[PDB]
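J.: Keeping their order, the protein sequence lines are chains A and D.
Going letter by letter, the first sequence gives residues 17 to 224, 226 to 308 in the entry's author numbering.
Going letter by letter, the second sequence gives residues 17 to 223, 229 to 313 in the entry's author numbering.
Heads up, the beta-carbon is just placed ideally off N, CA and C, and yes, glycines get one too.
One structure, pasted below without further comment.
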Amino acid sequence: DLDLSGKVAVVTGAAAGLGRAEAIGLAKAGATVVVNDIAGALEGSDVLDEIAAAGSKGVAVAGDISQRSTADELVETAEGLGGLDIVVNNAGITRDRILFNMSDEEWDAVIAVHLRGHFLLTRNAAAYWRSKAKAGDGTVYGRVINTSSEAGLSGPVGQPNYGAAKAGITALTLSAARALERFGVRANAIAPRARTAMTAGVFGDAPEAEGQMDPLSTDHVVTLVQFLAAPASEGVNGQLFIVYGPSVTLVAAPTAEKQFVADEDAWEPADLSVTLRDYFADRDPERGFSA
Amino acid sequence: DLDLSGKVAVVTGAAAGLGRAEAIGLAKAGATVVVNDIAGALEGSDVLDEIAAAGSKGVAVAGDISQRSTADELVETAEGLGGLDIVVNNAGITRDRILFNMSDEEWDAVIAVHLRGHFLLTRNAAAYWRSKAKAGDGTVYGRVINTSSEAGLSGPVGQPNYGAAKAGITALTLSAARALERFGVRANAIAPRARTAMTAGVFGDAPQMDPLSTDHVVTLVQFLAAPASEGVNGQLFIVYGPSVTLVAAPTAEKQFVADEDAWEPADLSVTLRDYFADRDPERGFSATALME
Numbered sequence: 017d018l019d020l021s022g023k024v025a026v027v028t029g030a031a032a033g034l035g036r037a038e039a040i041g042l043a044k045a046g047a048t049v050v051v052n053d054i055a056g057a058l059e060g061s062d063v064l065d066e067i068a069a070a071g072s073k074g075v076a077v078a079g080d081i082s083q084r085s086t087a088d089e090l091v092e093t094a095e096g097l098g099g100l101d102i103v104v105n106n107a108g109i110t111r112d113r114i115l116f117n118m119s120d121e122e123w124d125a126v127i128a129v130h131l132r133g134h135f136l137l138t139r140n141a142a143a144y145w146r147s148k149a150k151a152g153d154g155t156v157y158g159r160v161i162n163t164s165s166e167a168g169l170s171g172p173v174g175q176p177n178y179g180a181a182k183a184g185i186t187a188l189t190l191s192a193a194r195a196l197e198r199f200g201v202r203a204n205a206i207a208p209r210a211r212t213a214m215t216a217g218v219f220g221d222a223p224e226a227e228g229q230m231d232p233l234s235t236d237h238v239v240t241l242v243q244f245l246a247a248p249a250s251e252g253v254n255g256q257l258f259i260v261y262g263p264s265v266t267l268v269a270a271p272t273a274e275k276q277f278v279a280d281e282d283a284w285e286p287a288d289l290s291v292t293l294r295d296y297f298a299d300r301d302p303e304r305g306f307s308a
Numbered sequence: 017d018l019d020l021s022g023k024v025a026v027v028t029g030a031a032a033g034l035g036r037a038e039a040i041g042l043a044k045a046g047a048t049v050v051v052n053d054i055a056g057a058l059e060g061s062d063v064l065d066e067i068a069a070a071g072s073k074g075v076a077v078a079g080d081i082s083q084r085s086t087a088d089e090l091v092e093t094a095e096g097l098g099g100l101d102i103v104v105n106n107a108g109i110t111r112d113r114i115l116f117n118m119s120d121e122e123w124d125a126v127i128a129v130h131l132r133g134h135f136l137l138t139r140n141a142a143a144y145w146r147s148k149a150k151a152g153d154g155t156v157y158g159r160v161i162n163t164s165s166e167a168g169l170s171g172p173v174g175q176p177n178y179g180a181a182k183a184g185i186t187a188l189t190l191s192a193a194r195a196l197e198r199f200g201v202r203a204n205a206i207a208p209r210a211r212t213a214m215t216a217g218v219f220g221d222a223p229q230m231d232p233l234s235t236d237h238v239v240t241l242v243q244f245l246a247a248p249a250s251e252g253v254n255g256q257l258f259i260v261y262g263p264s265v266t267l268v269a270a271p272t273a274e275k276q277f278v279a280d281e282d283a284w285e286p287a288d289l290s291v292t293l294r295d296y297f298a299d300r301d302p303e304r305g306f307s308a309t310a311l312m313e
């Protein structure tokens, strides 16, 4: 069911916070874990000591995940350890700004680390699994856990870049799920909240008992990641989960709110205008595509 | 109401196809139109003659919309013409490939033209409108019409790059709508289908109006560019043929809540595996054929 013994996972952004917790959690479930982050961050991290304590083998590979060489080395490292079973794309940075103040660099940096980084490693893994399945019996074990956000669903006012990257990640994940399904590989997206040193500004410090868990502990997220990494999740593909606390929300696809169909084979501009204007004039203010 | 006389619009990817059609449509409604596309494409286009024929002023600005200089020149040009009222981000390219065969170049090119191009011009317009409202009475006329796609909702197997760019665009649009609302500006996204030289491969040749005429899309763009759409902000519209579909936000399908203050891994596993046991493989976060 959940045993990952004999499997190799790659986790990005793993020196600290959620990625660190994911790497440790996969190690506890039995996986050999390849951890990636920026070199300085890896150097100060206890992640390898914690993977060892968890009873597994860990290997660190430094690099900027937005660069092709990094995703190449991660897959090569995994192959040398006996194969690649699990990819967790977690690496990210924020560069928040309201749109009218955002610089080109703030936009580009966020798109590169989140969206290009997710692309490079997911594409590399996809190519690897396709080749492995071709050399074998047409199937291969594989799991992709990608990291979206509620921001991709809501387009926050201070996060046009991060919202766009995260919405792109969701669509990339859906496409990956379609491409990989027939080989037995599954790909899904999570949208987590968890209290870490990076999110301390947003969530505040840890509250309050023997046995109680922090409502925003990384533990809550890791438990889902462990499932999504495991044979148990064979029936789960192309899904988006929101996760924090003792609660996992499976998100439903967008639907049609209203169809506006002309009487004839084309809308007269005046008729469509009156129709839409009059529909919106009697409709809720906050209601739109934002979730 | 619908009259765009006295207003200045900028349309990207305007040499051909949908962008050309949108530029002509805004001109017909009364706007002065600044058209942008790649140099060679603009040089060969009839778009300026068609704008002139619709009875309006057109000006061509060549440039790669993924490069900062282009968005800068577009806003400067519109300012020289009296102001900037309407931005239609339409420029785009496809580089389709299944994910396991997609090159870095194929991915990056699509992200650049669609997502960066949309960012650069929407950000430049956002800055312009914010400044214009500050210098005036705190309000300014503004409309953004951005171009997403049903691909952003479905994540097509052949289009991981295009799907990601178009989903990105929708989120960018939502954020712009939140940032600009208070100045009176409105921003919305469209997800069109229309038969053009570029979509001839997929849709076929033309067989009363063509069910996939660009006219169907242009009619909605005219509304979204106009005073009539003051009440429309942060929306996603699918449009083709005589039908416009307003898209609703995602909802929660199912909440899986632990009995205690954390899920036991084995408990969450059995719960989720049981829930997915007899599931239609098509049921997921992908949305398809919402017009139907």
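What do you reckon, is the C-beta of D/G252 under 7 Å from a heavy atom of the ligand MG?
T.: With respect to small molecules bound, the structure shown includes none, and the ligand MG cannot be examined in it.
J.: At a Cβ cut of 8 Å, what residues of the stretch 129-150 of chain A count as close to chain D, listed as they run along the chain?
T.: Of all residues in the stretch 129-150 of chain A, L131, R132, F135, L136, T138, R139, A142, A143, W145 and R146 have a Cβ within less than 8 Å of some Cβ in chain D.
J.: Can you pull the chain D neighbours of A/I114, defined as C-beta to C-beta under 8 Å?
T.: The contacting residues are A195.
J.: If contact is defined by three or more beta carbon pairs under 8 Å, each pair taking one atom from either stretch, is the stretch 117-127 of chain D in contact with the stretch 203-211 of chain A?
T.: Contact between the stretch 203-211 of chain A and the stretch 117-127 of chain D is absent, because fewer than three Cβ pairs lie under 8 Å.
J.: Evaluate D/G152 with the Cβ neighbour count: other Cβ atoms within 10 Å of its Cβ, from every protein chain shown; 16 or more gives buried, anything less gives exposed.
T.: Label assigned to D/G152: exposed.
J.: Is D/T186 near A/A167, with beta carbons less than 8 Å apart?
T.: No.
J.: Quick one: list the residues of chain A neighbouring D/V278, beta-carbon separation under 7 Å, in chain order.
T.: Result: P263 and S264.
J.: Run through DSSP, which three-state label would D/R159 get?
T.: In the structure shown, D/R159 sits in a strand (DSSP, three-state: E or B).
J.: Quick check: is the beta carbon of A/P223 nearer than 8 Å to any beta carbon in chain D?
T.: With 8 Å as the cut-off, A/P223 does not count as an interface residue toward chain D.
J.: Going by beta-carbon coordinates alone, are D/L188 and A/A180 separated by less than 8 Å?
T.: Yes, the Cβ-Cβ distance between D/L188 and A/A180 is below 8 Å.
J.: If you measure beta-carbon to beta-carbon, which residues of the stretch 45-59 of chain A are closer than 9 Å to chain D?
T.: Correct list: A45.
J.: Name the residue from D/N117, D/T235 and D/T163 whose alpha carbon lies nearest to the alpha carbon of D/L131.
T.: When only C-alpha atoms are compared, the closest one is D/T163.
J.: Using a C-beta cutoff of 8 Å, does A/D301 count as contacting chain D?
T.: Cβ-Cβ to chain D under 8 Å: no for A/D301.
J.: Does the Cβ-Cβ distance between D/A270 and D/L196 come in under 8 Å?
T.: No. Outside cutoff.
J.: For a test of the three-state rule: what should DSSP assign to A/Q175, helix, strand or coil?
T.: In the structure shown, A/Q175 sits in coil (DSSP, three-state: anything other than H, G, I, E or B).
J.: For D/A193, which residues from the same chain have a beta carbon less than 6 Å from its beta carbon, with the 5 sequence-adjacent residues on both sides left out?
T.: Only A203, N254 and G255 meet the Cβ criterion.
J.: Helix, strand or coil for A/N204 per DSSP?
T.: Three-state result, A/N204: strand.
J.: Can you give me the C-alpha to C-alpha distance between A/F219 and A/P176, rounded to a whole angstrom?
T.: So the alpha carbons of these two residues sit roughly 21 Å apart.
J.: With 16 other CB atoms within 10 Å as the buried threshold, where does D/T272 fall?
T.: It is exposed - the Cβ of D/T272 has fewer than 16 other Cβ atoms within 10 Å.
J.: Along chain A, which residues have their Cβ under 7 Å away from the Cβ of D/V173?
T.: The answer, in chain order, is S191, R194 and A195.
J.: Which residues, taken in chain order from the stretch 206-222 of chain A, show a beta carbon closer than 7 Å to some beta carbon of chain D?
T.: The residues in question: there are none.
J.: I'd like the ranges of any beta strand (DSSP E) spanning at least 3 consecutive residues and lying wholly in the stretch 238-276 of chain D.
T.: If we require 3 residues or more, the beta strand (DSSP E) runs fully inside the stretch 238-276 of chain D come out as 257-261 and 264-269.
J.: Anything in chain A within Cβ reach of D/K275, meaning under 8 Å, just list it in chain order.
T.: What D/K275 touches in chain A: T266 and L267.
J.: Cutting at 8 Å between CB atoms, please list the residues of its own chain near D/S85, excluding the five before and the five after it.
T.: Hits under 8 Å: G79.
J.: Within 10 angstroms of its Cβ, does D/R159 collect 16 or more other Cβ (buried), or is it exposed?
T.: When all chains shown are included, D/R159 counts as buried.
J.: Starting from the beta carbon of A/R84, find every residue of chain D whose beta carbon is closer than 8 Å, and list them in chain order.
T.: Ordered by position in chain D, the residues that pass the 8 Å Cβ test against A/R84 are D120.
J.: Does the stretch 67-77 of chain D come close enough to the stretch 288-300 of chain A that 3 or more CB-CB pairs lie under 8 Å?
T.: Flag = no, the stretch 288-300 of chain A and the stretch 67-77 of chain D do not touch.
J.: Closest Cβ-Cβ distance between A/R294 and chain D: below 8 Å?
T.: Answer yes: the Cβ-Cβ gap between A/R294 and chain D drops below 8 Å somewhere.
J.: Determine the DSSP secondary structure at A/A183, reduced to helix, strand or coil.
T.: Looking at A/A183 - three-state DSSP - the assignment turns out to be helix.
J.: Using beta carbons (cut-off 8 Å, strictly below), is A/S170 in contact with chain D?
T.: It does: the Cβ of A/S170 has a partner Cβ on chain D nearer than 8 Å.
J.: Would you mind giving the Cβ-Cβ distance between A/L42 and A/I102, rounded to the nearest angstrom? I have them listed as a contact below 8 Å.
T.: At roughly 7 Å, the Cβ-Cβ gap stays under 8 Å, so A/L42 and A/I102 are in contact.
J.: On the CB-based measure, 16 or more other CB atoms within 10 Å of its CB, does D/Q243 come out buried or exposed?
T.: Buried, because 16 or more other Cβ atoms sit within 10 Å of the Cβ of D/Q243.
J.: Determine whether the Cβ of A/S290 lies closer than 8 Å to any Cβ atom of chain D.
T.: Yes, A/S290 counts as interfacial toward chain D.
J.: Residues of chain D with a CB under 9 Å from the CB of A/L233: which are they?
T.: Those within 9 Å of A/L233 in chain D number zero; the least Cβ separation is about 11 Å.
J.: Can you list, in chain order, the residues of its chain whose CB lies under 6 Å from that of A/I81, leaving out five sequence neighbours each side?
T.: Here the set comprises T28, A107 and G133.
J.: What do you reckon, are the CB atoms on A/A39 and A/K23 nearer than 8 Å?
T.: No, Cβ-Cβ distance for A/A39 and A/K23 is not below 8 Å.
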